[PDB]
Amino acid sequence: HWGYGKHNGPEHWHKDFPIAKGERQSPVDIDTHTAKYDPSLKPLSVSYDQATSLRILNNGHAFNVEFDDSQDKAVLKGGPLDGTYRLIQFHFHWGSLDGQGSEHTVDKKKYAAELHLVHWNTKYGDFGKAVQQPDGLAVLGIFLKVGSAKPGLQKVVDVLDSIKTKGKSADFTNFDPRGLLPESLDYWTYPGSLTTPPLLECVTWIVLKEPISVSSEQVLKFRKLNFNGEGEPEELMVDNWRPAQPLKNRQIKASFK
Ligand SMILES: NS(=O)(=O)c1ccc(CCN(Cc2cccc(NCC(=O)O)c2)S(=O)(=O)c2ccccc2)cc1
Ligand SMILES: NS(=O)(=O)c1ccc(CCN(Cc2cccc(NCC(=O)O)c2)S(=O)(=O)c2ccccc2)cc1
Ligand SMILES: [Zn+2]
């Protein structure tokens, strides 16, 4: 099975998932001097006041915080998007060291981690149908740097001991994802893909310019998670990021001057 080791990492994925070498793969490097301001982009609407978190799961690659997406409770609209995109889950990608971990890069800069808030287009009815469409998903990406603690992340950090290994889950109700956002919603956007197998080319990427700050203690607790299952030799869950892919025939647009 695929992963992030020497033997099953990103450079191997194309053998089982040939779209790995496709025309709209993610992540990418964001060249800030080449991205063009697009005055036609609408303001982005993040409407998370009625968000209903349910559970947190260690899936052997990352951890997902899952939401009730059976109604329009936590939605993303506007920006580059046509229609309404429901929040289904968030997760992170992070490094073994503070100088790596993000998937997207900014002028080749790597951040310590990257948060992905995953949303699906309601016109396709369910997530599994949406990932088969070029406009099926919208992923809101937010960079993490190490500095001051993020208060809104601590509830996540403190439950990680209870889901140390692959397959473990825990109740995770009443978590407000607004506490993970930066002040500004300025963004870059481009058409891309899932960053893990099956690497489907279904994603409108919206990457925020402003990173959030988390503490060294917070990211240290991410790095104590395990890729392995219970009772197996320990392999720390670190470096679960895909490197930048070729941009090919794509333009990155900026929401801001
Ligand atoms: N294209 S991709 O990224 O989806 C992809 C698919 C399959 C593989 C192959 C993974 N193995 C290399 C390996 C690495 C480490 C240990 C072991 N053996 C110990 C064990 O597990 O009993 C084998 S393995 O076939 O030997 C193997 C398969 C399944 C489970 C365990 C092992 C790579 C990459
Ligand atoms: N890094 S990223 O932001 O680009 C990104 C990468 C991967 C994914 C993973 C999406 N899920 C798994 C999955 C992948 C592909 C297709 C399907 N079809 C539905 C199915 O198989 O039941 C599910 S899921 O784990 O969130 C899920 C589980 C159960 C039900 C629905 C969704 C999200 C986002
Ligand atoms: Zn992701």
Side-chain angles (χ1 to χ4, degrees), residues 1-5 7-14 17 20-21 25-35 58-65 89-118 139-150 153-154 156-157 160 163-166 180-182 187-188 190 192-197 199 203 205-228 234-247 252:
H1 218 259
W2 68 267
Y4 300 95
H7 302 290
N8 66 356
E11 303 311 302
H12 292 274
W13 296 346
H14 70 99
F17 304 95
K21 299 185 145 50
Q25 291 291 292
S26 294
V28 302
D29 184 58
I30 302 166
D31 191 79
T32 68
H33 290 103
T34 299
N58 179 333
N59 62 22
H61 304 292
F63 63 89
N64 294 345
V65 175
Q89 53 108 319
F90 71 76
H91 59 276
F92 300 82
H93 308 257
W94 61 93
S96 55
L97 309 159
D98 296 349
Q100 65 194 230
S102 67
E103 296 208 304
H104 296 87
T105 59
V106 177
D107 297 332
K108 300 293 176 81
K109 181 188 169 69
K110 292 172 179 74
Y111 288 87
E114 186 175 332
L115 166 61
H116 290 163
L117 295 131
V118 183
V139 185
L140 181 59
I142 302 180
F143 299 117
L144 283 59
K145 65 178 186 180
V146 173
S148 297
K150 193 67 168 175
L153 184 59
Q154 194 56 35
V156 172
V157 161
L160 297 183
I163 62 150
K164 184 176 174 182
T165 52
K166 182 172 54 78
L180 298 177
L181 303 175
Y187 65 85
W188 298 283
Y190 74 97
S193 77
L194 303 180
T195 72
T196 62
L199 298 166
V203 181
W205 277 98
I206 300 168
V207 179
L208 298 187
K209 181 191 52 168
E210 186 181 350
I212 64 167
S213 292
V214 302
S215 60
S216 201
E217 294 90 351
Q218 289 180 321
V219 286
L220 286 162
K221 289 175 173 169
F222 283 20
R223 299 179 182 137
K224 290 192 201 314
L225 287 165
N226 287 185
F227 287 128
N228 59 278
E234 189 162 29
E235 188 61 16
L236 293 172
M237 185 179 281
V238 296
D239 294 319
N240 56 357
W241 50 277
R242 189 193 195 189
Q245 302 299 311
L247 190 61
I252 306 183

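For the single chain, residues carry numbers from 1 onward in sequence order. Only this structure's heavy atoms are used, side chains among them; waters, hydrogens and symmetry mates stay out.
A salt bridge links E234 and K164; the closest N-O separation between the charged side-chain nitrogens and carboxylate oxygens is under 4.0 Å.
Checked against side-chain hydrogen bond (donor to acceptor under 3.5 Å, both in side chains), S216 has no partners two or more places apart in sequence or in another chain. In terms of the ring-ring contact (aromatic ring centres under 6.0 Å, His included) criterion, residue partners of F63 (sequence neighbours excluded) are, by chain and number, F92, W94, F222. Residues that satisfy the salt bridge (charged side-chain N to carboxylate O under 4.0 Å, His left out) test with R242, not counting sequence neighbours, are absent from this structure. With sequence neighbours excluded, no residue forms a salt bridge (charged side-chain N to carboxylate O under 4.0 Å, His left out) with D239. For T34, the side-chain contact (heavy atoms from CB on, under 4.5 Å) partners are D31, not counting sequence neighbours. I212 is linked by a side-chain contact (heavy atoms from CB on, under 4.5 Å) to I142, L144, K150, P182, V214, counting only residues two or more places apart in sequence or in another chain. Contacts of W241 classified as ring-ring contact (aromatic ring centres under 6.0 Å, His included), with partners at least two apart in sequence or in another chain: none. Contacts of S213 classified as side-chain contact (heavy atoms from CB on, under 4.5 Å), with partners at least two apart in sequence or in another chain: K145. Considering only residues two or more places apart in sequence or on other chains, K21 meets the salt bridge (charged side-chain N to carboxylate O under 4.0 Å, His left out) condition with none of them. In this structure, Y187 has no side-chain hydrogen bond (donor to acceptor under 3.5 Å, both in side chains) partners at least two apart in sequence or on a different chain. For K224, the side-chain contact (heavy atoms from CB on, under 4.5 Å) test picks out no residue, with sequence neighbours left out. Looking at residues two or more places apart in sequence or on another chain, you find a ring-ring contact (aromatic ring centres under 6.0 Å, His included) between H61 and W2.
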When you look at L236 and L225, which way does the side-chain contact (heavy atoms from CB on, under 4.5 Å) test go after all the steps? CA-CA 6 Å; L236 293 172; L225 287 165; over 6 Å; no
Between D29 and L247, does the side-chain contact (heavy atoms from CB on, under 4.5 Å) criterion hold? Intermediate values first, please. CA-CA 8 Å; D29 184 58; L247 190 61; over 6 Å; no
Apply side-chain contact (heavy atoms from CB on, under 4.5 Å) to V238 and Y4, showing your working. CA-CA 9 Å; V238 296; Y4 300 95; over 6 Å; no
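Each of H104, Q89, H93 was evaluated against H116; a single residue qualifies, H93, per the side-chain hydrogen bond (donor to acceptor under 3.5 Å, both in side chains) test. For the side-chain contact (heavy atoms from CB on, under 4.5 Å) with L115, the lone residue among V139, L180, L140 that qualifies is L180.
In this structure, CD1 on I206 lies 13.5 Å from CH2 on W188, to the nearest 0.5 angstrom. Separating the CG atom in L160 from the NZ atom in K221 is a distance of 9.0 Å, to the nearest 0.5 Å. Distance check, rounded to the nearest 0.5 Å: OG1 of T165 to CE of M237 gives 9.5 Å. Rounding to the nearest 0.5 Å places CD of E103 at 15.0 Å from OH of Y111. Once rounded to the nearest 0.5 Å, the distance linking NE2 of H91 with OG1 of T196 reads 7.0 Å. To the nearest 0.5 angstrom, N8 atom CG is 9.0 Å from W13 atom CH2.
The main-chain N or O of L199 is found under 3.5 Å from a side-chain atom of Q25 such that the two form a donor-acceptor pair. Looking only at distances, a side-chain donor or acceptor of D107 sits under 3.5 Å from a matching main-chain atom of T32. Formation of a donor-acceptor pair under 3.5 Å by the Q100 side chain with backbone atoms of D98 is not found in this model. Checked by atom type and distance alone, the side chain of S193 pairs as donor or acceptor with a backbone atom of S26 at under 3.5 Å.
The nearest pair of heavy atoms linking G192 to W205 is CA-CD1, 3.9 Å. The shortest non-hydrogen separation linking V28 to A244 is C-CB, 3.9 Å. The two residues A113 and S102 have their closest heavy-atom pair at O-CB, 3.9 Å. Looking at every heavy atom in both residues, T195 comes nearest to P27 through CG2-N, 3.7 Å.
Looking only at side-chain heavy atoms (C-beta outward), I30 and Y190 stay at 4.5 Å or farther from each other.
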